[PDB]
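Single chain ahead, by itself, as structure tokens, in the form deposited in one PDB entry.
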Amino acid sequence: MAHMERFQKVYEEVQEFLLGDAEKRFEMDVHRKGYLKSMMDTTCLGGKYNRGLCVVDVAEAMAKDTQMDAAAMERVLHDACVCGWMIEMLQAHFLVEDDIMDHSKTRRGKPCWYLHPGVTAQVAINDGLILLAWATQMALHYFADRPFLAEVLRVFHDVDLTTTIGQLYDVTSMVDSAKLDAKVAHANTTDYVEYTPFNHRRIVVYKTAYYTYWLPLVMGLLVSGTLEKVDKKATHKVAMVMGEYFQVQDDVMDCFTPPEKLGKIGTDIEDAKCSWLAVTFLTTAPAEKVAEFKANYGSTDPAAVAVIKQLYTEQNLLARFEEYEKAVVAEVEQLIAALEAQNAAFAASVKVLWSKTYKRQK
């Protein structure tokens, strides 16, 4: 990828800064510095970098569009890389915490951070908090003299909030909402009445679309000083459409993509998650198959999980996804075409992001 080498160079730069700053400010000792280095490397590296690299792709596109000279271009690319790492560390934070919340086993082809024997969930929770803090530290340091610092902080923290609310929807989705009461436990649902297209859309847009699609695009515009050049509503709309689709893919892959290819072991079925598969099945399957689903879903029994997979297969869920995908392609293309009529350079950068999303395999 065009910016991978530069992006990785900036990682090393940022890591040196952050660890050195802890030495300077907090009397950080050699052993804990090494621990934090290993923590950062394990939690921030090994993903696809779609979010971080998007910031750079957008920033470059807009820098070229606005005819920046050699020096201005170099600054924008470095700033874009720093913003990219802000999002990658936000991602790192989210995944650390989520892997604890989901009690998961693997991430990016390695054990989950909390499952490293010298870590445990009780230390890992705080390691996740360090990651989130570091993200803001990068902005405060690298963008101290940039008027765009304020807007970077605003969008970043708005998106942090958004994702945590999306997560709230996700973690509370398998209990009937009228029964959500801190003082009273309640079993997972038996009737699945709340497993609706509306509720699935709400979970995925807030937990995924804002930080995975909207944030990278906006940060790229902010660092290049070109936010005013594009249609705010249109940009938001296309980010939501792609982001929803991205999470749908993730949902489909939970069941149908081998864990060794995916790099993680999802447990959506045994955890009774309101996934795209569950919602699409429940709303389209004949009554006797819905009965079978309800009798098997949300069970850790490997055979019960297999029953659900079989039900999904026999209900042609993959074909139904293919049809959903065709509708998404059409809408995304319409939205990009409209963006292109306003600013072609930005529209092309959305196309780049879309191309890395459409029909991805992991």
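Take the two forms, superpose them, and find the largest set of C-alpha atoms that agree within 1.5 Å; that set is the rigid core. In case it trips you up, residue 1 is the first one in the sequence shown, and so on.
Mean CA B-factor, 129 to 137 versus 227 to 235: the higher value falls on 227 to 235. Taking the PDB entry as given, 336 to 344 carries the higher mean Cα B factor of the two stretches 10 to 18 and 336 to 344.
Per the PDB entry, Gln122 shows the highest C-alpha temperature factor of the residues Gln247, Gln91, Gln122, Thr164. When the C-alpha B-factors of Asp251, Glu260, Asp99, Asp160 are read from the PDB record, the largest value belongs to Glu260.
In this PDB entry, the Cα temperature factor of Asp65 sits in the top third of its chain's modelled residues, the highest group. For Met219, the recorded CA B-factor ranks within the middle third of the chain. Only modelled residues enter the ranking. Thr300: CA B factor in the highest third of modelled residues in this chain (values from the PDB entry).
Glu331: CA B factor in the highest third of modelled residues in this chain (values from the PDB entry). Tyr211: CA B factor in the lowest third of modelled residues in this chain (values from the PDB entry).
The discussion below concerns the form deposited in another entry, not included here.
Of the residues listed here (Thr172, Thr164, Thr190, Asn199), only one shifts its CA by 2 angstroms or more between this form and the one not shown after fitting on the rigid core, and it is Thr190.
With the core held fixed, the Cα of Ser38 is displaced between this form and the one not shown by less than 2 Å. With the core held fixed, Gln334 shows a CA shift below 2 Å between this form and the one not shown. The Cα position of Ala272 differs by 2 Å or more between this form and the one not shown after fitting on the rigid core. Whereas the displayed form keeps them at a certain spacing, the CA atoms of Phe281 and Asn188 lie at least 3 angstroms farther apart in the other entry.
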